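Data block for protein-v7.cif (mmCIF, C-alpha atoms):
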```cif
data_model
#
loop_
_atom_site.group_PDB
_atom_site.id
_atom_site.type_symbol
_atom_site.label_atom_id
_atom_site.label_comp_id
_atom_site.auth_asym_id
_atom_site.auth_seq_id
_atom_site.Cartn_x
_atom_site.Cartn_y
_atom_site.Cartn_z
ATOM 1 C CA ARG A 15 25.115 -6.913 29.036
ATOM 2 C CA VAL A 16 24.431 -10.082 27.064
ATOM 3 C CA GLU A 17 20.726 -10.839 27.537
ATOM 4 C CA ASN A 18 18.126 -13.154 26.016
ATOM 5 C CA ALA A 19 15.466 -10.807 24.656
ATOM 6 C CA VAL A 20 11.855 -11.901 24.284
ATOM 7 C CA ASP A 21 10.946 -13.569 20.985
ATOM 8 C CA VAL A 22 8.424 -11.211 19.334
ATOM 9 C CA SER A 23 6.031 -12.536 16.694
ATOM 10 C CA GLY A 24 6.929 -11.825 13.086
ATOM 11 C CA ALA A 25 3.318 -12.024 11.945
ATOM 12 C CA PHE A 26 2.420 -9.662 9.089
ATOM 13 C CA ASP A 27 6.117 -8.690 8.862
ATOM 14 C CA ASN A 28 5.478 -6.149 11.674
ATOM 15 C CA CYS A 29 8.080 -7.637 14.022
ATOM 16 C CA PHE A 30 9.776 -4.288 14.737
ATOM 17 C CA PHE A 31 6.484 -2.463 15.186
ATOM 18 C CA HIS A 32 5.479 -5.224 17.587
ATOM 19 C CA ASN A 33 8.721 -4.494 19.475
ATOM 20 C CA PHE A 34 7.913 -0.777 19.491
ATOM 21 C CA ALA A 35 4.317 -1.576 20.446
ATOM 22 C CA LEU A 36 5.045 -3.607 23.570
ATOM 23 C CA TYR A 37 7.765 -1.107 24.493
ATOM 24 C CA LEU A 38 5.044 1.557 24.565
ATOM 25 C CA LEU A 39 2.754 -0.686 26.639
ATOM 26 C CA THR A 40 5.157 -2.283 29.137
ATOM 27 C CA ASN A 41 6.294 1.009 30.699
ATOM 28 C CA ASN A 42 2.921 2.771 30.232
ATOM 29 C CA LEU A 43 4.090 5.514 27.856
ATOM 30 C CA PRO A 44 1.262 7.336 26.028
ATOM 31 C CA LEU A 45 0.678 6.206 22.466
ATOM 32 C CA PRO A 46 1.332 8.863 19.795
ATOM 33 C CA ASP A 47 -1.615 11.156 19.144
ATOM 34 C CA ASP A 48 -3.746 10.814 15.977
ATOM 35 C CA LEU A 49 -2.664 7.167 15.663
ATOM 36 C CA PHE A 50 -6.396 6.394 15.455
ATOM 37 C CA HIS A 51 -7.567 9.197 13.132
ATOM 38 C CA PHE A 52 -4.892 9.541 10.419
ATOM 39 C CA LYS A 53 -5.309 9.200 6.642
ATOM 40 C CA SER A 54 -2.755 6.693 5.368
ATOM 41 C CA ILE A 55 -0.567 7.312 2.335
ATOM 42 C CA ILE A 56 -1.191 3.921 0.754
ATOM 43 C CA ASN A 57 -3.521 3.866 -2.248
ATOM 44 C CA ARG A 58 -4.383 0.156 -2.429
ATOM 45 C CA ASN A 59 -6.280 -0.630 0.795
ATOM 46 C CA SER A 60 -5.449 0.557 4.313
ATOM 47 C CA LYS A 61 -5.402 -2.088 7.016
ATOM 48 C CA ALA A 62 -5.410 0.785 9.513
ATOM 49 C CA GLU A 63 -8.594 2.285 8.091
ATOM 50 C CA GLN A 64 -10.300 -1.110 8.349
ATOM 51 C CA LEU A 65 -9.407 -1.387 12.051
ATOM 52 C CA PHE A 66 -10.641 2.152 12.796
ATOM 53 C CA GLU A 67 -14.203 0.858 13.171
ATOM 54 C CA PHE A 68 -13.228 -1.228 16.225
ATOM 55 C CA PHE A 69 -10.737 1.123 17.926
ATOM 56 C CA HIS A 70 -11.158 4.880 18.319
ATOM 57 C CA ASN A 71 -9.375 5.631 21.632
ATOM 58 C CA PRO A 72 -6.170 4.181 23.169
ATOM 59 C CA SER A 74 -10.338 1.113 24.011
ATOM 60 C CA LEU A 75 -8.218 -1.910 23.481
ATOM 61 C CA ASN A 76 -10.084 -4.182 25.731
ATOM 62 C CA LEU A 77 -10.943 -7.686 25.002
ATOM 63 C CA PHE A 78 -13.740 -9.506 26.844
ATOM 64 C CA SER A 79 -13.548 -12.922 25.129
ATOM 65 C CA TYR A 93 -3.901 -9.297 27.391
ATOM 66 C CA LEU A 94 -0.747 -7.820 25.876
ATOM 67 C CA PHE A 95 0.086 -9.927 22.821
ATOM 68 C CA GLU A 96 -3.202 -9.109 21.079
ATOM 69 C CA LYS A 97 -2.629 -5.385 21.651
ATOM 70 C CA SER A 98 0.796 -5.199 19.995
ATOM 71 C CA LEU A 99 -0.385 -7.070 16.897
ATOM 72 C CA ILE A 100 -3.174 -4.536 16.346
ATOM 73 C CA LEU A 101 -0.813 -1.620 17.005
ATOM 74 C CA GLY A 102 1.622 -3.142 14.520
ATOM 75 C CA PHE A 103 -0.867 -2.501 11.723
ATOM 76 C CA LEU A 104 -1.554 1.130 12.603
ATOM 77 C CA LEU A 105 2.110 1.971 13.213
ATOM 78 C CA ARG A 106 3.122 0.516 9.838
ATOM 79 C CA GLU A 107 0.910 3.118 8.156
ATOM 80 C CA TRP A 108 1.230 5.912 10.736
ATOM 81 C CA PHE A 109 4.995 6.505 10.534
ATOM 82 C CA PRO A 110 5.097 7.084 6.733
ATOM 83 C CA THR A 111 2.333 9.706 6.913
ATOM 84 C CA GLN A 112 4.505 11.469 9.494
ATOM 85 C CA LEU A 113 7.571 11.647 7.217
ATOM 86 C CA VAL A 114 6.060 12.510 3.837
ATOM 87 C CA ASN A 115 5.428 16.246 4.383
ATOM 88 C CA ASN A 116 8.580 16.451 6.548
ATOM 89 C CA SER A 117 10.938 18.281 4.208
ATOM 90 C CA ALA A 118 13.692 18.267 6.847
ATOM 91 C CA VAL A 119 13.887 14.465 6.931
ATOM 92 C CA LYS A 120 13.507 14.526 3.137
ATOM 93 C CA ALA A 121 16.723 16.553 2.890
ATOM 94 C CA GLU A 122 18.596 14.982 5.821
ATOM 95 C CA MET A 123 18.048 11.533 4.256
ATOM 96 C CA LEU A 124 20.312 12.231 1.287
ATOM 97 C CA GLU A 125 23.555 12.813 3.184
ATOM 98 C CA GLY A 126 25.613 10.400 5.263
ATOM 99 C CA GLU A 127 27.528 7.238 4.459
ATOM 100 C CA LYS A 128 24.113 5.521 4.276
ATOM 101 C CA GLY A 129 22.095 8.234 2.522
ATOM 102 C CA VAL A 130 20.313 8.096 -0.812
ATOM 103 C CA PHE A 131 23.327 9.601 -2.599
ATOM 104 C CA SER A 132 25.453 6.696 -1.379
ATOM 105 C CA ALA A 133 22.793 4.004 -1.760
ATOM 106 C CA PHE A 134 22.013 5.034 -5.337
ATOM 107 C CA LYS A 135 25.640 5.410 -6.392
ATOM 108 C CA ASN A 136 26.312 2.014 -4.817
ATOM 109 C CA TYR A 137 23.307 0.650 -6.714
ATOM 110 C CA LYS A 138 24.767 1.750 -10.043
ATOM 111 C CA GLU A 139 28.307 0.389 -9.721
ATOM 112 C CA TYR A 140 27.331 -2.733 -7.755
ATOM 113 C CA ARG A 141 24.666 -3.814 -10.242
ATOM 114 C CA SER A 142 27.248 -4.464 -12.955
ATOM 115 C CA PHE A 143 27.703 -7.912 -11.387
ATOM 116 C CA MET A 144 24.810 -8.173 -8.889
ATOM 117 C CA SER A 145 21.187 -8.962 -9.665
ATOM 118 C CA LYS A 146 18.596 -6.490 -8.409
ATOM 119 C CA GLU A 147 17.147 -9.181 -6.128
ATOM 120 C CA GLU A 148 20.606 -9.555 -4.572
ATOM 121 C CA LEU A 149 20.464 -5.812 -3.842
ATOM 122 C CA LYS A 150 16.859 -6.051 -2.586
ATOM 123 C CA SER A 151 17.936 -8.330 0.279
ATOM 124 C CA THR A 152 20.378 -5.630 1.369
ATOM 125 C CA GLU A 153 19.863 -3.017 4.083
ATOM 126 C CA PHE A 154 18.567 -0.702 1.326
ATOM 127 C CA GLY A 155 16.005 -3.176 -0.016
ATOM 128 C CA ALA A 156 12.940 -1.083 0.796
ATOM 129 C CA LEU A 157 14.563 1.994 -0.763
ATOM 130 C CA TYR A 158 15.783 0.044 -3.793
ATOM 131 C CA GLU A 159 12.277 -1.326 -4.402
ATOM 132 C CA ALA A 160 10.381 1.957 -4.073
ATOM 133 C CA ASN A 161 12.598 3.678 -6.678
ATOM 134 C CA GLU A 162 13.222 0.597 -8.828
ATOM 135 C CA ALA A 163 12.151 2.252 -12.085
ATOM 136 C CA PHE A 164 14.390 5.308 -11.716
ATOM 137 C CA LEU A 165 17.347 3.255 -10.483
ATOM 138 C CA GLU A 166 17.132 0.789 -13.382
ATOM 139 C CA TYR A 167 17.006 3.730 -15.762
ATOM 140 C CA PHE A 168 19.853 5.251 -13.719
ATOM 141 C CA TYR A 169 21.934 2.082 -14.051
ATOM 142 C CA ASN A 170 21.790 1.337 -17.768
ATOM 143 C CA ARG A 171 21.797 5.023 -18.706
ATOM 144 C CA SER A 172 25.379 5.301 -17.395
ATOM 145 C CA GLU A 173 26.464 1.833 -18.593
ATOM 146 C CA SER A 174 25.075 1.977 -22.152
ATOM 147 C CA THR A 175 25.421 4.867 -24.602
ATOM 148 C CA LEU A 176 21.896 4.574 -26.059
ATOM 149 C CA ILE A 177 18.777 5.157 -23.932
ATOM 150 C CA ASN A 178 15.023 5.049 -24.574
ATOM 151 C CA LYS A 179 13.200 8.289 -25.405
ATOM 152 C CA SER A 181 11.728 8.504 -20.604
ATOM 153 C CA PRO A 182 9.855 9.993 -17.600
ATOM 154 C CA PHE A 183 13.095 10.335 -15.626
ATOM 155 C CA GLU A 184 15.190 11.990 -18.335
ATOM 156 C CA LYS A 185 13.990 15.411 -17.129
ATOM 157 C CA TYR A 186 16.187 15.041 -14.026
ATOM 158 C CA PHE A 187 19.249 14.164 -16.158
ATOM 159 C CA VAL A 188 19.478 16.765 -18.936
ATOM 160 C CA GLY A 189 20.710 20.149 -17.730
ATOM 161 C CA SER A 190 22.317 18.398 -14.760
ATOM 162 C CA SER A 191 25.663 19.259 -13.212
ATOM 163 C CA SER A 192 26.214 15.895 -11.531
ATOM 164 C CA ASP A 193 24.783 12.450 -10.974
ATOM 165 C CA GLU A 194 24.014 13.765 -7.475
ATOM 166 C CA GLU A 195 21.975 16.592 -8.994
ATOM 167 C CA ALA A 196 19.883 14.088 -10.939
ATOM 168 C CA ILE A 197 19.304 11.974 -7.809
ATOM 169 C CA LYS A 198 18.218 15.021 -5.805
ATOM 170 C CA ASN A 199 15.987 16.219 -8.657
ATOM 171 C CA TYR A 200 14.346 12.795 -8.699
ATOM 172 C CA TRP A 201 14.168 12.631 -4.901
ATOM 173 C CA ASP A 202 12.523 15.977 -4.126
ATOM 174 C CA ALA A 203 10.063 15.587 -6.998
ATOM 175 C CA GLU A 204 8.723 12.059 -6.582
ATOM 176 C CA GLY A 205 11.405 9.779 -5.099
ATOM 177 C CA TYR A 206 10.817 10.618 -1.431
ATOM 178 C CA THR A 207 7.040 10.205 -1.586
ATOM 179 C CA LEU A 208 7.340 6.905 -3.481
ATOM 180 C CA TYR A 209 9.591 5.759 -0.646
ATOM 181 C CA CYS A 210 7.040 6.647 2.004
ATOM 182 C CA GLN A 211 4.304 4.893 0.014
ATOM 183 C CA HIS A 212 6.359 1.683 -0.083
ATOM 184 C CA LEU A 213 7.229 1.562 3.625
ATOM 185 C CA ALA A 214 3.545 1.620 4.546
ATOM 186 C CA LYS A 215 2.244 -1.244 2.413
ATOM 187 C CA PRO A 216 2.193 -4.671 4.103
ATOM 188 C CA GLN A 217 4.864 -7.359 3.733
ATOM 189 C CA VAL A 218 7.555 -4.687 3.139
ATOM 190 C CA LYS A 219 10.283 -5.370 5.688
ATOM 191 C CA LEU A 220 12.361 -2.775 7.501
ATOM 192 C CA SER A 221 16.102 -2.586 8.081
ATOM 193 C CA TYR A 222 17.869 -0.416 10.646
ATOM 194 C CA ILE A 223 18.084 2.383 8.035
ATOM 195 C CA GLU A 224 14.362 3.178 7.921
ATOM 196 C CA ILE A 225 13.986 2.558 11.653
ATOM 197 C CA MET A 226 16.616 5.129 12.628
ATOM 198 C CA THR A 227 14.928 7.861 10.561
ATOM 199 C CA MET A 228 11.619 6.625 11.998
ATOM 200 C CA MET A 229 12.939 6.870 15.548
ATOM 201 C CA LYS A 230 14.576 10.219 14.754
ATOM 202 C CA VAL A 231 11.334 11.804 13.536
ATOM 203 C CA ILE A 232 9.710 11.126 16.927
ATOM 204 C CA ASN A 233 12.854 11.631 19.063
ATOM 205 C CA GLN A 234 12.841 8.080 20.454
ATOM 206 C CA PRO A 235 16.316 6.831 21.466
ATOM 207 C CA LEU A 236 16.962 3.275 20.328
ATOM 208 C CA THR A 237 19.843 0.814 20.398
ATOM 209 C CA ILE A 238 19.957 -2.246 18.141
ATOM 210 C CA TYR A 239 22.446 -4.916 19.201
ATOM 211 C CA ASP A 240 23.483 -8.115 17.480
ATOM 212 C CA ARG A 241 22.159 -11.121 19.388
ATOM 213 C CA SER A 242 25.490 -12.924 18.890
ATOM 214 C CA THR A 243 28.169 -10.292 19.676
ATOM 215 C CA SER A 244 26.079 -7.876 21.790
ATOM 216 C CA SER A 245 27.840 -5.106 19.824
ATOM 217 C CA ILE A 246 25.976 -2.015 18.632
ATOM 218 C CA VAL A 247 24.727 -2.204 15.027
ATOM 219 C CA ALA A 248 22.614 0.965 14.847
ATOM 220 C CA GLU A 249 22.027 3.593 17.508
ATOM 221 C CA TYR A 250 20.038 6.785 18.019
ATOM 222 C CA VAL A 251 21.153 8.819 21.039
ATOM 223 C CA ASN A 252 19.493 11.927 22.455
ATOM 224 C CA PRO A 253 20.280 12.435 26.157
ATOM 225 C CA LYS A 254 18.025 15.508 26.355
ATOM 226 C CA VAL A 255 14.905 13.333 26.193
ATOM 227 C CA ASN A 256 14.754 10.860 29.082
ATOM 228 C CA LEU A 257 12.486 7.879 28.457
ATOM 229 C CA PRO A 258 12.911 4.239 29.538
ATOM 230 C CA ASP A 259 15.847 2.652 27.720
ATOM 231 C CA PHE A 260 14.708 1.198 24.385
ATOM 232 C CA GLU A 261 16.902 -1.642 23.142
ATOM 233 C CA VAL A 262 16.320 -4.599 20.828
ATOM 234 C CA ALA A 263 18.666 -7.131 19.263
ATOM 235 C CA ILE A 264 18.546 -8.787 15.844
ATOM 236 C CA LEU A 267 20.065 -11.118 11.075
ATOM 237 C CA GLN A 268 16.935 -12.271 9.275
ATOM 238 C CA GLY A 269 14.790 -9.258 10.152
ATOM 239 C CA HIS A 270 13.714 -10.659 13.526
ATOM 240 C CA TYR A 271 14.026 -8.338 16.526
ATOM 241 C CA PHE A 272 14.222 -9.362 20.194
ATOM 242 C CA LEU A 273 13.184 -6.768 22.778
ATOM 243 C CA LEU A 274 15.442 -6.655 25.822
ATOM 244 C CA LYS A 275 13.718 -6.732 29.202
ATOM 245 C CA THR A 276 14.317 -4.386 32.147
ATOM 246 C CA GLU A 277 13.101 -4.014 35.739
ATOM 247 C CA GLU A 278 9.694 -2.655 34.696
ATOM 248 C CA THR A 279 9.302 -5.054 31.722
ATOM 249 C CA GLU A 280 10.513 -8.514 32.769
ATOM 250 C CA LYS A 281 7.284 -9.733 34.353
ATOM 251 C CA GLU A 282 5.056 -8.084 31.730
ATOM 252 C CA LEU A 283 7.119 -9.481 28.830
ATOM 253 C CA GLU A 284 7.374 -12.923 30.449
ATOM 254 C CA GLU A 285 3.572 -12.757 30.579
ATOM 255 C CA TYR A 286 3.615 -11.981 26.848
ATOM 256 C CA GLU A 287 6.131 -14.763 26.241
ATOM 257 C CA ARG A 288 3.505 -17.159 27.631
ATOM 258 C CA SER A 289 0.853 -16.121 25.097
ATOM 259 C CA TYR A 290 3.256 -16.462 22.149
ATOM 260 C CA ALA A 291 4.176 -19.974 23.289
ATOM 261 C CA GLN A 292 0.447 -20.658 23.539
ATOM 262 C CA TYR A 293 -0.059 -19.107 20.099
ATOM 263 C CA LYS A 294 2.654 -21.252 18.494
ATOM 264 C CA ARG A 295 1.194 -24.630 19.465
ATOM 265 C CA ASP A 296 -2.352 -23.364 18.902
ATOM 266 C CA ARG A 297 -1.277 -22.350 15.383
ATOM 267 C CA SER A 298 0.114 -25.873 14.879
ATOM 268 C CA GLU A 299 -3.162 -27.603 15.814
ATOM 269 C CA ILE A 300 -5.138 -25.057 13.755
ATOM 270 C CA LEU A 301 -4.283 -27.017 10.592
ATOM 271 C CA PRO A 307 -10.756 -25.978 20.524
ATOM 272 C CA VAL A 308 -8.062 -23.323 20.791
ATOM 273 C CA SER A 309 -7.337 -20.847 23.575
ATOM 274 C CA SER A 310 -6.051 -17.658 21.884
ATOM 275 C CA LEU A 311 -8.186 -15.028 20.159
ATOM 276 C CA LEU A 312 -6.287 -14.106 16.978
ATOM 277 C CA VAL A 313 -4.569 -17.436 16.287
ATOM 278 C CA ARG A 314 -6.022 -17.860 12.792
ATOM 279 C CA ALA A 315 -5.109 -14.263 11.936
ATOM 280 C CA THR A 316 -1.392 -14.929 12.494
ATOM 281 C CA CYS A 317 -1.225 -18.003 10.245
ATOM 282 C CA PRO A 318 0.592 -17.883 6.892
ATOM 283 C CA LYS A 319 -1.470 -17.232 3.794
ATOM 284 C CA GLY A 320 -3.026 -19.970 1.669
ATOM 285 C CA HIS A 321 -3.230 -22.703 4.321
ATOM 286 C CA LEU A 322 -6.478 -21.604 5.976
ATOM 287 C CA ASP A 323 -7.578 -18.487 4.323
ATOM 288 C CA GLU A 324 -6.434 -16.275 1.618
ATOM 289 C CA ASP A 325 -6.186 -13.281 3.968
ATOM 290 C CA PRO A 326 -5.033 -13.590 7.557
ATOM 291 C CA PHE A 327 -6.008 -9.947 7.997
ATOM 292 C CA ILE A 328 -9.659 -10.543 7.082
ATOM 293 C CA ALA A 329 -9.478 -13.420 9.550
ATOM 294 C CA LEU A 330 -8.495 -10.759 12.097
ATOM 295 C CA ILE A 331 -11.441 -8.472 11.364
ATOM 296 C CA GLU A 332 -13.850 -11.420 11.446
ATOM 297 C CA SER A 333 -12.866 -12.120 15.048
ATOM 298 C CA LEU A 334 -13.161 -8.433 15.984
ATOM 299 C CA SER A 335 -16.739 -8.231 14.658
ATOM 300 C CA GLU A 336 -17.910 -10.569 17.445
ATOM 301 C CA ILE A 337 -17.962 -7.506 19.730
#
```
Using structure tokens, write down the structure that the file contains.
Amino acid sequence: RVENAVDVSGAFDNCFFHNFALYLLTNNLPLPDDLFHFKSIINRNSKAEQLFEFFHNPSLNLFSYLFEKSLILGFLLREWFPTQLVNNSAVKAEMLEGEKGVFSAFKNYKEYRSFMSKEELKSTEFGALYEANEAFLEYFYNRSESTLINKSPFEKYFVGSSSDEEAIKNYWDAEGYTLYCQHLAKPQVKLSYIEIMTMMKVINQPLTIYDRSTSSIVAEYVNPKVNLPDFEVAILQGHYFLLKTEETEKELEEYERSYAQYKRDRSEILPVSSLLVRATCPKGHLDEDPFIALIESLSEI
């Protein structure tokens, strides 16, 4: 039916993971194993590995609570999922086919870029994929639009090639897929329903994503063999609203009350009631790193 889902915080661009987080907490489903002991793919600095010194067991108790739990789980999930689909060769191969696969997204990238800026294609549903493989795609674009190239790292996949789809696959299985998983895990990279479906497919979690205006289905993963509580969120600026159910309405209305407390507390921040209010502020106003404002408040324990 048409329903008014809860407004989930879009702090740290983890709005979907926050939706998945409170879905795992409202109906008491066990968190995925090794969410607290994994080695993240990212090679800059892992927000998950910084939080591992305060949480070691599905220990999430505060003594100074549901909103604070999803925001912490948002960080670990952002880096957990990519490490689960980087040595998964099956997903690596199943992600090239389909009307929305890499073969289609790349081919679309080449012909569409003749009149569309790359930033105009980065705001698309394939933005995360277009950014991870930006170097190969830009080489891919001008190589087929101009007759003279530059003598470079990607030309191996193009000589001795039968197709343009053989070059894309040769790039993908060598380094394209892993580059993609490394980009999904770094912060501030936002997710569309493309990545989410392959994320929900790798853990067999049914999900339905409606449009908040039409209530029509936008993206859907269906597996009737697994029977878990119905997971459904609506969304289009990248903001997801989790739909309530009989077991969630009073526990999400309790979480709605914190967020409304967090919003006004974050507007008098610039004598507050909520723990991580300064951590959810935008950058530059108070600190330079909202995340290090989060770990400062966790060290009080």
Distance query stretch 79-109 of chain A at most 6 Å, only C-alpha atoms, self and fewer than 6 positions along chain excluded, as an MDAnalysis selection string: chainID A and resid 28 31:32 35:36 54 62 214 286
Closest of A:316, A:136, A:279, A:244 to residue A:329 - atom-to-atom distances counting only C-alpha atoms: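 Comparing A:316, A:136, A:279, A:244 against residue A:329, the winner is A:316.
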Translate the PyMOL selection byres ((chain A and resi 26) around 10) into a concrete residue list for this structure, as a PDB file with C-alpha atoms, keeping the file's coordinate frame.
```pdb
ATOM      1  CA  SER A  23       6.031 -12.536  16.694  1.00  0.00           C
ATOM      2  CA  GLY A  24       6.929 -11.825  13.086  1.00  0.00           C
ATOM      3  CA  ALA A  25       3.318 -12.024  11.945  1.00  0.00           C
ATOM      4  CA  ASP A  27       6.117  -8.690   8.862  1.00  0.00           C
ATOM      5  CA  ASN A  28       5.478  -6.149  11.674  1.00  0.00           C
ATOM      6  CA  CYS A  29       8.080  -7.637  14.022  1.00  0.00           C
ATOM      7  CA  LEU A  99      -0.385  -7.070  16.897  1.00  0.00           C
ATOM      8  CA  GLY A 102       1.622  -3.142  14.520  1.00  0.00           C
ATOM      9  CA  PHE A 103      -0.867  -2.501  11.723  1.00  0.00           C
ATOM     10  CA  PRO A 216       2.193  -4.671   4.103  1.00  0.00           C
ATOM     11  CA  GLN A 217       4.864  -7.359   3.733  1.00  0.00           C
ATOM     12  CA  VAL A 218       7.555  -4.687   3.139  1.00  0.00           C
ATOM     13  CA  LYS A 219      10.283  -5.370   5.688  1.00  0.00           C
ATOM     14  CA  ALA A 315      -5.109 -14.263  11.936  1.00  0.00           C
ATOM     15  CA  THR A 316      -1.392 -14.929  12.494  1.00  0.00           C
ATOM     16  CA  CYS A 317      -1.225 -18.003  10.245  1.00  0.00           C
ATOM     17  CA  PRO A 318       0.592 -17.883   6.892  1.00  0.00           C
ATOM     18  CA  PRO A 326      -5.033 -13.590   7.557  1.00  0.00           C
ATOM     19  CA  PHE A 327      -6.008  -9.947   7.997  1.00  0.00           C
TER      20      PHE A 327
END
```
One number please: atom CA of residue A:256 to atom CA of residue A:234, in Å, one decimal. 9.3 Å
Pick out the residues sitting within 9 Å of residue A:130, and hand them over as a short mmCIF file (atom, residue, chain, number, x, y, z; two decimals) with C-alpha atoms, in the frame of the given file; count only C-alpha atoms, and ignore anything fewer than 3 positions along from it in its own chain.
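Now in around38.cif:
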```cif
data_model
loop_
_atom_site.label_atom_id
_atom_site.label_comp_id
_atom_site.auth_asym_id
_atom_site.auth_seq_id
_atom_site.Cartn_x
_atom_site.Cartn_y
_atom_site.Cartn_z
CA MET A 123 18.05 11.53 4.26
CA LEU A 124 20.31 12.23 1.29
CA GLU A 125 23.56 12.81 3.18
CA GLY A 126 25.61 10.40 5.26
CA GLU A 127 27.53 7.24 4.46
CA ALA A 133 22.79 4.00 -1.76
CA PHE A 134 22.01 5.03 -5.34
CA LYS A 135 25.64 5.41 -6.39
CA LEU A 157 14.56 1.99 -0.76
CA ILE A 197 19.30 11.97 -7.81
CA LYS A 198 18.22 15.02 -5.80
CA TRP A 201 14.17 12.63 -4.90
#
```
Atom pair atom CA of residue A:144 / atom CA of residue A:220: separation (Å):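 It comes out at 21.3 Å.
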Surrounding residues of residue A:236 excluding itself and chain neighbours under 5 positions, 9 Å, all atoms listed in the file, as a PyMOL selection string: chain A and resi 226+229+248-251+259-262
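Across the structure, atom CA of residue A:205 and atom CA of residue A:237 are spaced 28.3 Å apart.
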What does the PyMOL selection byres ((chain A and resi 273) around 7) select in this file, as a list in words? residues 19, 20, 33, 261, 262, 263, 271, 272, 274 and 275 of chain A
For the residues in that selection, give me C-alpha atoms as an mmCIF file, keeping the file's coordinate frame.
```
data_model
loop_
_atom_site.group_PDB
_atom_site.id
_atom_site.type_symbol
_atom_site.label_atom_id
_atom_site.label_comp_id
_atom_site.auth_asym_id
_atom_site.auth_seq_id
_atom_site.Cartn_x
_atom_site.Cartn_y
_atom_site.Cartn_z
ATOM 1 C CA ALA A 19 15.466 -10.807 24.656
ATOM 2 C CA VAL A 20 11.855 -11.901 24.284
ATOM 3 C CA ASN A 33 8.721 -4.494 19.475
ATOM 4 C CA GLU A 261 16.902 -1.642 23.142
ATOM 5 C CA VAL A 262 16.320 -4.599 20.828
ATOM 6 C CA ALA A 263 18.666 -7.131 19.263
ATOM 7 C CA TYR A 271 14.026 -8.338 16.526
ATOM 8 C CA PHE A 272 14.222 -9.362 20.194
ATOM 9 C CA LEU A 274 15.442 -6.655 25.822
ATOM 10 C CA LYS A 275 13.718 -6.732 29.202
#
```
Matched chain/residue IDs from the PyMOL selection byres ((chain A and resi 47) around 12), as a PyMOL selection string: chain A and resi 43-46+48-52+70-72+104-105+108-109+112+232
For C-alpha atoms, I'd like the residues from the last selection saved as a PDB file, keeping the file's coordinate frame.
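result.pdb written:
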```pdb
ATOM      1  CA  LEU A  43       4.090   5.514  27.856  1.00  0.00           C
ATOM      2  CA  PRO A  44       1.262   7.336  26.028  1.00  0.00           C
ATOM      3  CA  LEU A  45       0.678   6.206  22.466  1.00  0.00           C
ATOM      4  CA  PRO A  46       1.332   8.863  19.795  1.00  0.00           C
ATOM      5  CA  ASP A  48      -3.746  10.814  15.977  1.00  0.00           C
ATOM      6  CA  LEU A  49      -2.664   7.167  15.663  1.00  0.00           C
ATOM      7  CA  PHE A  50      -6.396   6.394  15.455  1.00  0.00           C
ATOM      8  CA  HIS A  51      -7.567   9.197  13.132  1.00  0.00           C
ATOM      9  CA  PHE A  52      -4.892   9.541  10.419  1.00  0.00           C
ATOM     10  CA  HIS A  70     -11.158   4.880  18.319  1.00  0.00           C
ATOM     11  CA  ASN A  71      -9.375   5.631  21.632  1.00  0.00           C
ATOM     12  CA  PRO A  72      -6.170   4.181  23.169  1.00  0.00           C
ATOM     13  CA  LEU A 104      -1.554   1.130  12.603  1.00  0.00           C
ATOM     14  CA  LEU A 105       2.110   1.971  13.213  1.00  0.00           C
ATOM     15  CA  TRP A 108       1.230   5.912  10.736  1.00  0.00           C
ATOM     16  CA  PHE A 109       4.995   6.505  10.534  1.00  0.00           C
ATOM     17  CA  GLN A 112       4.505  11.469   9.494  1.00  0.00           C
ATOM     18  CA  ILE A 232       9.710  11.126  16.927  1.00  0.00           C
TER      19      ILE A 232
END
```
For residue A:121, which residue out of A:222, A:227, A:176, A:152 is the nearest one, using all atoms listed in the file?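 Nearest candidate to residue A:121 out of A:222, A:227, A:176, A:152: A:227.
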Smallest atom-to-atom distance to residue A:288: which of A:324, A:166, A:202, A:21, using only C-alpha atoms?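 When distances to residue A:288 are compared using only C-alpha atoms, the smallest one comes from A:21.
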Which stretch 187-300 of chain A residues have any atom within 9 Å of an atom of stretch 158-162 of chain A, and for each, what is the nearest pair of atoms with distance in Å to one decimal, counting all atoms listed in the file, rows sorted by chain and number, as a Markdown table?
```
| residue | atom | partner | partner_atom | distance |
| --- | --- | --- | --- | --- |
| A:205 | CA | A:161 | CA | 6.4 |
| A:206 | CA | A:161 | CA | 8.9 |
| A:208 | CA | A:160 | CA | 5.8 |
| A:209 | CA | A:160 | CA | 5.2 |
| A:210 | CA | A:160 | CA | 8.4 |
| A:211 | CA | A:160 | CA | 7.9 |
| A:212 | CA | A:160 | CA | 5.7 |
| A:213 | CA | A:160 | CA | 8.3 |
```
With C-alpha atoms retained, could you export that selection as a short mmCIF file (atom, residue, chain, number, x, y, z; two decimals), in the coordinates of the input?
```
data_model
loop_
_atom_site.label_atom_id
_atom_site.label_comp_id
_atom_site.auth_asym_id
_atom_site.auth_seq_id
_atom_site.Cartn_x
_atom_site.Cartn_y
_atom_site.Cartn_z
CA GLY A 205 11.40 9.78 -5.10
CA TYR A 206 10.82 10.62 -1.43
CA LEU A 208 7.34 6.90 -3.48
CA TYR A 209 9.59 5.76 -0.65
CA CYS A 210 7.04 6.65 2.00
CA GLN A 211 4.30 4.89 0.01
CA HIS A 212 6.36 1.68 -0.08
CA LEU A 213 7.23 1.56 3.62
#
```
Could you name the residues that touch stretch 167-170 of chain A at 8 Å or less, counting only C-alpha atoms, but leaving out those on the same chain fewer than 3 positions away, as a ChimeraX atom specification? /A:137-139,141,163-164,173-174,177,183
